[PDB]
2 protein chains.
Amino acid sequence: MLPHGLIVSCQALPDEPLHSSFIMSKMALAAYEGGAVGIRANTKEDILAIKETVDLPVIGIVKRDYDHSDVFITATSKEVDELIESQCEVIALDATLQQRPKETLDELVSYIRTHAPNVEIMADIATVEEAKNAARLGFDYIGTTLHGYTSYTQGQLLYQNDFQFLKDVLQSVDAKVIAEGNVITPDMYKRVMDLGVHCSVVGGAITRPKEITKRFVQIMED
Amino acid sequence: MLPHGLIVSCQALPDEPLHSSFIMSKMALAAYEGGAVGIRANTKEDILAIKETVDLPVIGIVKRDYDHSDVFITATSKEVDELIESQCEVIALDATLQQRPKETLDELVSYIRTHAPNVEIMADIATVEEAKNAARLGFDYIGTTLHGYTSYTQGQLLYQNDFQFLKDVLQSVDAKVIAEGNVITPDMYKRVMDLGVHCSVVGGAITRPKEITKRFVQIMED
Ligand SMILES: [Cl-]
Ligand SMILES: [Cl-]
């Protein structure tokens with residue numbers, strides 16, 4: 001199981017400065033030495049590289065665009081198969097009811113339970129009712145990952161109105177909730193943990209120096 | 001580093017019914033599936049078996065009796081060398097002021113820091129002054145393991161006077177404190193965590209069916 005505490009997302013997509021399975025493995029080692037209790041990683045190759053540097057539990061995803069689908073976080077059984085091969089402790093996937101390229105959410109959950117019975121599953125959701133649906137499907141973890149990053153939640157951010165969306169998710173499900181998306185400061189991390197999330201995923205604020213640099217530069221431009 | 005939460009001690013000495021590297025590896029798997037954040041294990045053979053079964057961090061010891069010494073938890077460099085080979089994340093040793101068979105406590109600490117710099121060390125102590133001495137030697141974790149199990153702490157037990165000893169250890173050192181020794185109920189586990197220990201080690205109450213059986217039988221004999 002994932003402990004209580006800080007999960008560090010070690011991701012760099014193509015054309016990002018730190019894009020490299022090797023570099024993400026070193027970012028994961030840094031997070032481990034810093035006192036992270038887990039890693040979130042993208043693609044089989046990054047996950048396998050990370051598993052050579054740290055023994056921390058890994059939340060695995062495959063970000064891959066499909067034609068005629070807005071679902072890109074572990075969209076089909078192809079991505080699930082890669083993550084089963086990766087041996088990541090948790091498989092995370094988009095858990096919205098948006099049109100998928102192949103299998104439905106229900107079919108992907110069943111597929112993982114059948115072919116990988118020792119792996120836990122995490123629902124990346126954008127709405128309270130998506131979180132409720134994920135809890136009903138028996139997801140081990142429910143993340144706020146896609147809140148503000150779907151066409152129907154545009155302009156919304158996790159921290160808005162003292163984390164009201166997170167408070168609503170926590171009240172609606174008894175499953176372990178993960179604060180993920182726009183946790184950019186230790187103060188924000190403390191708040192979501194005090195509100196009663198199981199753990200919190202921090203990415204950009206630790207592993208995206210471009211994003212951190214922009215925050216420093218922006219204070220002078222206000 | 002060790003997360004916050006429950007560490008399960010999976011030990012069975014030669015005289016015990018479950019004495020087996022294989023059985024202790026399955027006890028460790030059971031602990032992992034139950035939501036343990038770490039394992040405490042005894043001997044290289046048990047540790048290697050556990051570390052091929054689960055990726056949980058392992059606190060390694062070697063219990064071995066020596067002539068003309070009351071120190072038996074990782075007594076000499078021989079035991080330290082076995083634990084270095086085991087690749088356990090944390091090396092625990094008796095951190096009492098008691099004379100050791102070969103190297104002193106101070107010598108063994110220096111030995112581990114030199115020969116295994118990526119390994120954390122845990123002090124099994126009996127007294128507040130031993131906890132303070134462990135902090136002086138730069139121990140990563142300080143456990144209450146030997147409190148009541150030395151010639152100079154006879155009649156003392158961790159839970160006595162609402163864990164007064166644990167309270168005294170916690171306010172004496174800034175290092176991460178581990179509640180270990182006679183933590184035998186969830187109620188005790190909750191209490192020591194509420195008092196602000198980093199984590200707690202539970203052994204016999206989970207992994208010694210003989211000791212659990214005795215507690216069931218004893219309620220009818222009072
Ligand atoms: Cl970056
Ligand atoms: Cl037993």
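For the numbers below, each heavy atom of this structure counts, side chains included, while hydrogens, waters and symmetry mates do not. Order of the sequence lines sets the chain letters (A, B, ...), proteins ahead of strands, with each chain counted from 1.
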Can you tell me if [X] has over 12 outside heavy atoms packed within less than 6.0 Å of its [atom1]?
X         : atom1 : value
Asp194(A) : CG    : yes
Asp222(A) : CG    : yes
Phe216(A) : CZ    : no
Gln171(A) : CD    : no
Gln164(A) : CD    : yes
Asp70(A)  : CG    : no
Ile219(A) : CD1   : no
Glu107(B) : CD    : yes

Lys/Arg N to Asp/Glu carboxylate O, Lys51(B) vs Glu89(B), below 4.0 Å: yes

Basic-acidic side-chain contact under 4.0 Å: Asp106(A), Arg113(A): no

Pairwise side-chain contact, [X] with [Y], heavy-atom cut-off 4.5 Å (strictly under):
X         : Y         : answer
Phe139(B) : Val173(B) : no
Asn133(A) : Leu105(A) : yes
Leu108(B) : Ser77(B)  : yes
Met122(B) : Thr145(B) : yes
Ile7(A)   : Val37(A)  : yes
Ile112(A) : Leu93(A)  : yes
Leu137(B) : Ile121(B) : no
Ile84(B)  : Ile91(B)  : yes

Starting at [atom1] of [X], measure out to [atom2] of [Y] and round the result to the nearest 0.5 Å.
X         : Y         : atom1 : atom2 : answer
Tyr159(A) : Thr185(A) : OH    : OG1   : 10.0 Å
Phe163(A) : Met188(A) : CZ    : CE    : 5.0 Å
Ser25(A)  : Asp46(A)  : OG    : CG    : 8.5 Å
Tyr32(B)  : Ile39(B)  : OH    : CD1   : 11.0 Å
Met24(B)  : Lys26(B)  : CE    : NZ    : 12.0 Å
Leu48(B)  : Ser86(B)  : CG    : OG    : 6.0 Å

Residue pair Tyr189(B), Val197(B): steps toward the side chain to side chain contact (heavy atoms under 4.5 Å, CB included) verdict: CA-CA 10 Å; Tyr189(B) 172 47; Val197(B) 301; over 6 Å; no

Non-hydrogen atoms of [X] and [Y] that approach each other most closely:
X         : Y         : value
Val169(B) : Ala131(B) : CG1-CB, 4.1 Å
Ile142(A) : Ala135(A) : CD1-N, 3.7 Å
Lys63(B)  : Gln11(B)  : NZ-OE1, 3.4 Å
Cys88(B)  : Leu83(B)  : SG-O, 3.6 Å
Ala28(A)  : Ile50(A)  : CB-CG2, 3.8 Å
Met27(A)  : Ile206(A) : CE-O, 4.2 Å

Summary of salt bridge (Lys or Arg N to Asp or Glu O under 4.0 Å) pairs that have at least one residue in residues 31-43 of chain A, sequence neighbours excluded: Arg40(A)-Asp124(A), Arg40(A)-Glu180(A)

Pairwise salt bridge (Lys or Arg N to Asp or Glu O under 4.0 Å) hits with a residue in residues 141-162 of chain A, at least two apart: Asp162(A)-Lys167(A), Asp162(A)-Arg191(A)

Passing option when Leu146(A) is tested against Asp94(A), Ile125(A), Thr153(A) for side chain to side chain contact (heavy atoms under 4.5 Å, CB included): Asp94(A)

Working for side chain to side chain contact (heavy atoms under 4.5 Å, CB included), residues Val183(B) and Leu158(B): CA-CA 8 Å; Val183(B) 183; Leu158(B) 187 63; 4.0 Å; yes

Worked check of side chain to side chain contact (heavy atoms under 4.5 Å, CB included) between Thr76(A) and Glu103(A): CA-CA 6 Å; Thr76(A) 80; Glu103(A) 295 92 357; 3.8 Å; yes

Residues that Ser172(B) engages under side chain to side chain donor-acceptor pair (under 3.5 Å), provided they are two or more places apart: none

Partners meeting ring pair (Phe, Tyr, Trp, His ring centres under 6.0 Å) with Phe165(B) (sequence neighbours left out): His147(B)

From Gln87(B), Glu85(B), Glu79(B), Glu82(B), residue fulfilling side chain to side chain donor-acceptor pair (under 3.5 Å) relative to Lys44(B): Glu85(B)

Partner set under salt bridge (charged side-chain N to carboxylate O under 4.0 Å, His left out) for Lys176(B), not counting sequence neighbours: none

Tell me whether [X] contacts the main-chain N or O of [Y] through its side chain, where contact means a donor paired with an acceptor under 3.5 Å.
X         : Y         : result
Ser69(A)  : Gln99(A)  : yes
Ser9(A)   : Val202(A) : no
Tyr141(B) : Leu2(B)   : yes
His19(A)  : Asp15(A)  : no

Pairs involving residues 195-211 of chain A, ordered by first then second residue, that meet side-chain hydrogen bond (donor to acceptor under 3.5 Å, both in side chains) (sequence neighbours left out): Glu16(A)-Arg208(A)

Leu6(B) and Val8(B): CA distance, side-chain angles, deciding distance, side chain to side chain contact (heavy atoms under 4.5 Å, CB included) verdict: CA-CA 6 Å; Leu6(B) 181 68; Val8(B) 178; 4.1 Å; yes

